[PDB]
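This document opens with one chain alone, in structure tokens, the form deposited in one PDB entry.
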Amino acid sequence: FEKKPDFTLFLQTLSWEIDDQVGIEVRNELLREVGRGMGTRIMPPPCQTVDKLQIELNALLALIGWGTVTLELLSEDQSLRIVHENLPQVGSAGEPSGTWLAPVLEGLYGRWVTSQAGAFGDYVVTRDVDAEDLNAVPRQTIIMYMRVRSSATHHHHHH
């Protein structure tokens, strides 16, 4: 036969449909879940330094051509900063536009750096969405932060 099939247009019209029907919020949660899932299908070994983890992670991202990543350990607060380039673009959906697949990275990365034996054991992944940084960086560049889960206040425990 021939070189295998194209899923952009599909994802283009899928993302549109899902957006049409579901909150920005609902969609993102579905999309993180899918990230977690992706991270359980493919994973790095147990790396001993962030630097090694980075090489390992890029290796994985190259399996599927989903771009490149840099990991900077911000020792001064002990957070981990995830800077990911060329998130695949699937049409104009997402905030900002072109960036719909972003929360998959959140799922994918949280699954990946948590799998890391003991180190970033119970961290959480926030995406950075602050204005100033987003137009310092290109469209498809996504900035995330990995920091340690602070637990809920009881005031919040009301769901």
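Between two forms, the rigid core is defined as the largest C-alpha subset superposing within 1.5 Å. Only residues modelled in both forms are compared. Just count from 1 along the sequence shown to find any residue number.
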Stretch exceeding the other in mean C-alpha B-factor - 42-50, 57-65: 42-50
Mean C-alpha temperature factor, higher of 103-111 and 117-125: 117-125
Selection by C-alpha B-factor (highest) of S151, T141, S15, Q21: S151
Position of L134 among the chain's modelled residues by C-alpha B-factor, lowest, middle or highest third: highest
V83 - Cα temperature factor, lowest/middle/highest third of chain: middle
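The form deposited in another entry exists for this protein as well; it is not shown, and the discussion that follows is about that form.
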Displaced position between the shown form and the other one, chosen from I64, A59, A117, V26 (C-alpha, 2 Å or more, rigid core): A117
Cα displacement of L134 between the shown form and the other one reaching 2 Å, rigid core superposed: yes
Is_shifted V148 between the shown form and the other one (CA, 2 Å cut-off, rigid core): yes
Direction of Cα pair change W100-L134 in the other entry, magnitude 3 angstroms or more: farther
In the other entry, shift in Cα separation for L134 relative to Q140, 3 Å or more: farther
Mobile segments between the shown form and the other one - rigid core superposition, Cα shift of 2 Å or more, 3+ residues: 117-124, 131-135, 148-153
